[PDB]
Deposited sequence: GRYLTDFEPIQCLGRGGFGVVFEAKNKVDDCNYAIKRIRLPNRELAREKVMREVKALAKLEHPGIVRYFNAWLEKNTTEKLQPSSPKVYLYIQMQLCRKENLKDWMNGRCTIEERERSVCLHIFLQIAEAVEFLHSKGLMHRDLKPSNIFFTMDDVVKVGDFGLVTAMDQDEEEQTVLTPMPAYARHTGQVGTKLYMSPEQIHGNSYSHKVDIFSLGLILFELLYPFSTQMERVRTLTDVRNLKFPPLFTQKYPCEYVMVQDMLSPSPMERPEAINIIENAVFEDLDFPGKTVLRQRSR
């Protein structure tokens, strides 16, 4: 089909239960792209849902949202292709892994990163959309270093709000919970992978390393709020963006 004819596959970038993402070079324009292939549901109503979802996402233009290029269908069982700007190999998880000391995690740089994520989320919320899948392995950097919120719309539960885990009804407030943990994680580097999971699961339960609360008193209170078991109590993305910790 169009994919094999117009593109040269380079490598596989990711494989969820949803679909697959490939790096592919367009033969005509010579640029490399990230192309997600999704198996389309056989049922009529489920297909219409997905096709409306595509039409909503295609309208999205924001500094913190990956640039969209094209979407199309191909028959084998039908597949939906979505062609997006190719971000860097190193995602936010990799970024944090390569910087394991306090000196390597400068306050300003970390907050500038978090702010861009938070602004992308605020933009989606204001449109009536939620992200649902905010985690460091799904947060990207463009070639020119702009932070991008990852794949969404159509893995660990470590960043997933309690209500979202339990299959309970939920709102945009789920993204705020995810934001809290990411803010903590940006400011608190880890020696080992096991320390990371040990500490993060505690932070989910509102139990904080005493060195974090003393070094980051303001953002501690903020993270505490964003991590309420009760979604109503979590602040709006706009409130977080306008918080005093992002003054300068």
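Gaps without C-alpha coordinates occur at 77-86, 165-191, 286-299, with positions taken along the deposited sequence from 1.
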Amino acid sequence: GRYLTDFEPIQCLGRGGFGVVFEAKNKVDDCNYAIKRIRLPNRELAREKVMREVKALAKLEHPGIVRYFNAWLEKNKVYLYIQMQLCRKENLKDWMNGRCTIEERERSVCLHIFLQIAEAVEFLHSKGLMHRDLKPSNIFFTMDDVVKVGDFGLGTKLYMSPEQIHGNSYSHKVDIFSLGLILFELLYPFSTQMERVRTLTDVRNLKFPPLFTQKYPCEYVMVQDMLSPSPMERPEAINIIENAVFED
From here on, numbers count along this sequence of modelled residues.
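When the C-alpha B-factors of 121-129 and 78-86 are averaged, 78-86 comes out higher. Just going by the entry, 230-238 versus 16-24 on mean CA temperature factor gives the higher value to 16-24. Across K59, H62, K49, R196, the greatest Cα temperature factor reported in the deposited entry is at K49.
Based on the entry's C-alpha B-factors, the most elevated value among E163, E103, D175, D151 belongs to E103.
Among all modelled residues in its chain, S169 ranks in the highest third by Cα B-factor.
For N42, the recorded CA B-factor ranks within the highest third of the chain. Only modelled residues enter the ranking.
Residue-level temperature factors show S108 in the highest third of its chain, judged at the C-alpha atom. In the deposited entry, the Cα temperature factor of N32 places it in the middle third of its chain's modelled residues. When the modelled residues of the chain are ordered by C-alpha B-factor, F69 sits in the lowest third.
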